[PDB]
Structure formats: structure tokens, C-alpha cells
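Quick setup: the C-alpha cells below cover two forms of a single protein chain, split into structure 1 and structure 2.
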Structure 1
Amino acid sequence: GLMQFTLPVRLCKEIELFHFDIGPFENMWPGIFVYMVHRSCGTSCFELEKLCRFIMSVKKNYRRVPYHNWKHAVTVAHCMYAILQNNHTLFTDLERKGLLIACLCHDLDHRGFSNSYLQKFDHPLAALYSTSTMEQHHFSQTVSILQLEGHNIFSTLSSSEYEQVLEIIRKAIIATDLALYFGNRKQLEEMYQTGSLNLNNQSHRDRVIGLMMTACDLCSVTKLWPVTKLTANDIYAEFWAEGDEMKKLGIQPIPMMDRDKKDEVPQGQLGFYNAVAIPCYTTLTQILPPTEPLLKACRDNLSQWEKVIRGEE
């Protein structure tokens, strides 16, 4: 009850900044997450025995893939921590509980392959879930782990609060399907400009939470340049393996996944920042002004990719 987690001084300070990197010491990541839950939610939000057992079961159900791994889960949860901390009063007690857990679980049991690859392969998950295939799988796995004896961190919620939190986590995880991001952001853009955006409207809150999930999920583009650049190696390591497997099915992959088109990475990064990253953090900054450091970090990184193209690095 009186047991806090404490980090070393450099981590205690930098963990509050949007651009924090959680470091290469895997054994510290669970404590970093518990620290963030305690400061974000309270030391009473969860029974520490059940939370610790939830964390270690979630860790076990992430695989050894280059990018969609346990480091990504904790990284995405840290970005959500920074958003919630910088927007103290805008979120309910249930939303703060649900969203950090949602981020930790958002890519559970990822195999390193896109929804398109599962469909073209004719993978069983593609028959079970026709759209947002992996994201429906990730939520399914989250419910499974919550139902293990000793793992139900929500047990002290009432029946209706339990149903509300699972529903927050479900929409939050579905919203990390990038196919759905584009329409979600256009709607939030119209609503903000015509002035109809209303944060007491549940359907509006849902949309805003969806954008927060895209922002946290893409947060490698908001780090210091050396982190952004080294994470891009892991992202393309997964993509190029998928392209290899497309060729095995007799299908030319899109250039993003074809290792033979490495040379076009810098130009592909520009398109991604201009079409997805910048618009995402711009709309998020309009709705939640204190998230501006993410937009500023994203624009810095766009500038670094432009310098790569101009041969300056």
C-alpha cells in the first residue's frame, strides 16, 4: 500500500517528457509502466500483486519480432502517459485506467505481418475477423489474459464500470488499425473547424481517444532523430520480411515492403510524414493544445528526412 516505485534521477525527470526513450534494459520496463500507472491513476487503481501478474502475462504474449514487440507496447503506453499527465482534468478515472492498459495490450500476439498479408495468405484469423483482423485478435488476447485466475486487475470495479472500461479498451485497440485513422481524423477536422466538437458527446470522446491511440502508436516519429532513425530500421526489417513472404505467394509487394527498393526509403518517409504523421499531431494539437511538443518533434524529424534526400546525411 505504501510501496512506491522510484526511478533513478535522470529517468524520474525525462519520463515526463514526450520524447523519453525507455532504454535497452528490458528488466526495468515493467517498473517504468507501474510507475506511470501510479502517477497517472493512483497507487490504489490496481492491486500491485494482480497488476504485476497481468504485466508479466502480457509480456509473455508479445513475440520476438523486430518491431511489434514488448518494447513497442511499453513505448506506446509511455506516450499515452505523457498525454494524460499534460491534460490532467480532461479524462475520467476509468479512462486513465483503461487507456494505459489498452496501449500495453494494443499489439498482443503480433506475428510481424499486416492485415493484407493475413488475407492474401488466407490465414485463419482473416476468416474469423474480415476487417481490422489483427486489432480484433489483440483485443481477444487482452480479454483472455484478464480472465486467467489472479489476473483480473479490474475486479474491484462495479459491473457497469467493468463493462465501460472493457468498451474503452476495445475501441482504443480497434482505433490502432491505421486503415481507420484517415476517416477518423477528417471527421475530427470538420468537427473542430465548424465548431461542433463536444467532449461531453460520447461519440466525440471516442473519436478523440482514437486519435490519441494513432498518435501514441506512431510516436517513434516524435523522438530525437537518432531514436527515430534506429526504430525505422526495425520497422523496415518487419516490412521487408513480409515482402519476402508476398514474393513466396507469387505477389510483387508494394515498394514499402520490397527490400530491393531500400533506396526509395527517404522519399517514402516524406510521404508518410506529410500524409499521416503531421496531419495526426496537427489535429491532436488543435483538440489538446498541451500535446504540441509531439507536433514540434514530428516536424523536426520531417526536416531530418529532407536533409537525407539532399545528400547532407
Structure 2
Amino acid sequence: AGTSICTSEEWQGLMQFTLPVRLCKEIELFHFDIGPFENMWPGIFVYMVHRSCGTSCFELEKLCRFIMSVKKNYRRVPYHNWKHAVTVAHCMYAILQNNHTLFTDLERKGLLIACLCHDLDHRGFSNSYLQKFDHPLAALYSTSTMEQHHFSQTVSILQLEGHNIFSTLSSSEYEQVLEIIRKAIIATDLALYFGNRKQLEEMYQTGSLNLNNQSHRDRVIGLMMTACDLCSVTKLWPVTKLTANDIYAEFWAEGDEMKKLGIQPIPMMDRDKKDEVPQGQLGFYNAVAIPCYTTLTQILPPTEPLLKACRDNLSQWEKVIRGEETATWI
């Protein structure tokens, strides 16, 4: 019920936060893992907004209120949580820093915010589940069900007193940024990714791809969102493997619910089918992750380290399948 709002203590605390100096260098890198720095996550987001967009892009009080309320509207689910949000935002920061002048000031601020917000109020259930069991959300949002909800949650947070970080934009730019954010969040529906990547691959290979063409821009931005959403697969192996544990924890909980409603879940969501996970990851990397980072690297050459890391992780899943895995901690 309702939108959660941070405390005075929470946002005033973030305002006074200072990022440890050693992390300034690390945060610029694609492979940076926020994992070991939980207390710093909101501060890391402020830092990234300030470096990409400028210290005066948003009023500081409103930005800190906005961030801490965003955190409060992520649920305590195993994967689609606050940590995922900040991780996705950091990948976007790294893509933007490496491609800075391709994107307008409006796009950069919109996208970093879009990434922080893109899974807002996720309940640990897939679009598949919501539509199968006719959740009210599936009635309201016929396609891209959770993503339309996440966007709606974003707008609800902006509408809280003192939270509207975009108010100082012209009426035209304000409309433009909300549209950038809407399209970006909707694009995190993996259903849409397959069509988008295919089209972009075609536009690229024929050389019709043109970033001055708004519809092309929207599609490139869409693939950036996919690349950021999936970036757990671009980290160092132990990080990728630990995150995969959280992804599956969520899946198995959904699968358990389906069994109670008389439907056998897909194997991926079946906790009694963990033997199939390594092959399932192989499938996911071959079908989704590798093609994504492949096309993204063609369009944005500086993103190549995402693709190299993804390939290294595919090799690791292959090693698992062959029985070559070494000691793992969880």
C-alpha cells in the first residue's frame, strides 16, 4: 500500500556522505563490483550523477530525498532489489563516461535515473507469473507488465513533496526526460530485447544506423538498458556466480508458488532441477547476453570490455558443465 518515503535522517545523511578517495578510480571501470561497499551505495549514485551530469544538475536536497526514497521502494527480494538497481546504474555510468558526447545532458541524467528506478517495487515475480495468474497488474498493463509498473512507481516518487529532481527543466525538456525514462524502463523488458537487438544488428550491418534519427537513438538506448540490466554477467567470475545464486533464489521461489497452483514450473524456476542450471546459463548467454554485448560493442566500441567479460563467464559456465569447477563460496 502506497509509496514509501525516506526519513529526514536518511537523506540528510546522504547529503553529508563523502566517497572514499580510493574508490574514485575504481568506479570508472566496467568490472567494478559495488558488492563490498553496501553502506556507500547511495553515495556512489550521487557521485556518478555528479561526475556525469555535474554537481548542479539537480538540487542536492531533492536528489538525496529522491535516492533514499527510491531505495525504500525496492523490496527485500533476493535479486530485483536495491543492490541490483545501483549495479545497473553503475554500468550505465561506465557506458556514458566512455561515450559521453554521444548523449545529451538530458539523456545522461534521464538514463542514470532510469537505471536506478528500473525495477522499482519488484515483487520477485516474473511477467510470466503475473499474466498466468491474472494479477491486477496484468489487467492494467497488458504487455511489459512489471516494467510499466516500475515506470509508474518512478513517477509516484517524483511526485512526492520535495522529490521532483526534474522540476527545474523547461516544460519541453521535462516531457522529453520523462519519455526518455519511460522508453528506457520499458526497454528492460527482455521480451522486447530480441526484436530490438535484431533490428539494431540489421541497421548496423547495412549501415543505415543513424544516431541523429530519434527512433534509432531510442533503440540504441534500449540496448544500453539491456546491457546494464544484465551486467552481472560481465563481472569477475566469483561475482557473476554469487549473483546467479540470488537470481535463482528468486526464480525457485516463484516456481514453488506455481507448484501450489497446480502448474509445473519451467525447469529454470524448479528448485528440484538445479542440475540443469549450468546448461540453462549456457542457453541464456548464447541467446541473450553474448548477442547483446556483441551488438553493443559494434555500435559503441568503448563498451568492448563488457563483451570480453561476458565471453570469459560463458567459458566458466562451460567449465562447470564439463565438471572442471573449483571451490565456490556462497
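Residues that one form lacks are left out of the comparison. Rigid core here is just the name for the largest C-alpha set that superposes within 1.5 Å across the two forms. When a residue number appears, read it as a position in the sequence of structure 1, where counting begins at 1.
Visitor: Using a rigid core superposition, assess whether residue 49 undergoes a CA shift of 2 Å or more between structures 1 and 2.
Guide: It does not, since the residue 49 C-alpha is displaced less than 2 Å between structures 1 and 2 after the core fit.
Visitor: Establish whether a shift of 2 Å or more occurs at the C-alpha of residue 296 between structures 1 and 2, with the two forms superposed on the rigid core.
Guide: No.
Visitor: Take the rigid core as the frame of reference and indicate whether the C-alpha of residue 244 shifts by 2 Å or more between structures 1 and 2.
Guide: Comparing forms between structures 1 and 2, the residue 244 CA shifts below 2 Å.
Visitor: Cα shift of residue 7 between structures 1 and 2 after core superposition, in Å?
Guide: Comparing the two forms, residue 7 shifts 2.6 Å at C-alpha.
Visitor: Taking the rigid core as the frame, how far in Å does the Cα of residue 119 move between structures 1 and 2?
Guide: That residue's C-alpha sits 1.3 Å away in the other form.
Visitor: Relative to the superposed rigid core, which consecutive-residue segments of length 3 or more display CA displacements of 2 Å or more between structures 1 and 2?
Guide: Those runs whose C-alphas all shift by 2 Å or more are 1-10, 23-27.
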